[PDB]
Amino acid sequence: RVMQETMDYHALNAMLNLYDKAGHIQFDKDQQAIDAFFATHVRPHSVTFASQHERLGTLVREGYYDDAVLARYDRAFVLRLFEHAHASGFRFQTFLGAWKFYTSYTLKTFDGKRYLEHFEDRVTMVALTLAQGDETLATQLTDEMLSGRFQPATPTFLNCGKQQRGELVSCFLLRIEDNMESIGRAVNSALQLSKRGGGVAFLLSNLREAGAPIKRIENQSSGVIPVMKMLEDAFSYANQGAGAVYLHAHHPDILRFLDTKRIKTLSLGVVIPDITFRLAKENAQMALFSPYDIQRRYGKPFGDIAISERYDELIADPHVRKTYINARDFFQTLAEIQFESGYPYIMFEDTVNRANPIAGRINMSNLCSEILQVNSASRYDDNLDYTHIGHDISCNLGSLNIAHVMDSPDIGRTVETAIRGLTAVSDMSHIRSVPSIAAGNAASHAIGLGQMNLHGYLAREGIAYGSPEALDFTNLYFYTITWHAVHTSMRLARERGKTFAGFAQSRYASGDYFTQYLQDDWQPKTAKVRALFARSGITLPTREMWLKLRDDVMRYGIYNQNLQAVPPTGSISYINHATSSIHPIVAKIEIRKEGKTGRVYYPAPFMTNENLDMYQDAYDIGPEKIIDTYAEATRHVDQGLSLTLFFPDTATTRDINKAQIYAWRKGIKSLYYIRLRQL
């Protein structure tokens, strides 16, 4: 109001980092930070036009907005939607969300001096982009985004509608075959993807080990390390461009591989089948097989056969060279490297395939260990031309904010919109630099819908993370989300007359995918959990519904080969105002090293001085509770979930190992990095 003092937003934000003699925080100060930000910074540097109409005009004229996007609608519908947007009542809930959106997400004039968009403008453009002319779908997307229910991945949210636009997808998984063409391509792909800001993970399990033959002459191959060396250099050059490599635990270079991190910027990931755990239990030895022999004798690559199921067969075939290391020592090295670097990530091959409803095996994952899909080899001509374009994996993501989803009765529309939005991201993608990525996305329409703010919700509702109530909720919540997503995908296939490639061989086709849901235990184990769904008007899918969907799926099929995937939510979290994963908060007042002050503080959603006790941080909760929560969700998520375990700095490799053992026994499909308290 008229003449007011104190307008230093950072100072105000910083008050969040103060405790009073009773251990309380002045949460109000953040809000005052917001207000001061808008008054001293946002408003003064934002561009206001005489009307929406003249703005679009100008924005398209000076090369900011892409007229092609706007051209798919009657301009009037366009003006009406922006108006509906700015009428929604949207407010940033935290000083960091606001600042984060203005400093990194919103459109600025090319000289960088002024803003040209506000939150609702960006949402609007995203809705127009994804809706592709479908007015009713564009309004919904708008609504879902403004209400906080849906939040598309950073790369989509940022580029949609812009003239000078990045890619809408930024995370890829490529396989490498055991021949020089496939290697040269991989380095090329790294290069063309990295320059476009993509996260790229590479499978190494098919490469022949150090010492294997080449053209029949003995002891000649160099193994994976030198290829890692090349992929590493490509990622450094093209820059924001990060890499990963996955290697099967029973591959001959496994220890040399792990030893690179004892190569500086590549992330490592290990695939571990069940047999490896059995071996370590009985203090046995691990047999490592040569991909070179496996190819010659079995006619498929290392990364395409099933090690566990053929373990003994392989050890018996004298035509397959075997090498041996100490299983228990393997896990020991693993925990020690993880203790220091956070990775290697771990992908439980047997758990994954056993749960995989798609014909084929899953031999790798991504830079965040949440993506798990099938892939297939590409073959090349000597000039590097593709003679057979296989299928690799690009990964289209977005996430719902659990609290807001529960706060809206029409949960079926909430999910269906998101699925329709991600599906669009897939439909509009054509990654030209790497045909196997373009073929794959086009054949599978695979998408990854995820969740966030679970902790935020459970706290708001007075439930403690990890508790029997919590576990009950996360099981039934993922239960219902799954029902509506599969339904939406079925509708898409029906309204489009096509299904994902190879649907017929899926467990969706035969019906086996539903067995799980046809048995019981979908009755709320807890009384509070029954109360939450009821007070929200959400109906937990009943056996009839599943039985009905089974028939629809079997008859019409589904459009997307994969629907869910739960990554960590990076900085979109601050915008959407959600607690990052489905995992507990890493802190009450998360501190970030950003901006002209050095730090910006972020309070957890729905947290106040009267409910602090519900915000025990991830360290305090510990691994068990976290693993348990993820276990409940893993029973439904058809892909994976980035799972990080937070440990005190006195934890030991045995502690780490015991956690991983528990994760494994519990059904967890994958583990992201193990993190130790250090600030």
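One rule holds for the numbers: they count along the sequence shown, beginning at 1.
- Counting the deposited residues that fall between residue 262 and residue 263 and carry no coordinates gives a value of 4 to 9.
- Unmodelled residues of the deposited sequence between residue 136 and residue 137: none, the chain being continuous.
- Note on 371-379 vs 323-331: mean CA B-factor is higher in 323-331.
- Once the C-alpha B-factors are averaged per stretch, 160-168 and 140-148 rank with 160-168 first.
- Within the group 421, 448, 412, 584, the record's highest C-alpha temperature factor is found at 412.
- Note on 402, 362, 518, 130: the highest value goes to 518, judged by CA B factor as recorded.
- The deposited CA B-factor of residue 74 belongs to the middle third of values across its chain.
- Per-chain ranking of the deposited C-alpha B factor places residue 522 in the highest third.
- In the deposited entry, the Cα temperature factor of residue 62 sits in the middle third of values across the chain's modelled residues.
- Per the deposited record, the Cα B-factor of residue 595 falls in the highest third when ranked against the other modelled residues of its chain.
- The PDB entry assigns residue 650 a C-alpha temperature factor belonging to the highest third of its chain's modelled residues.
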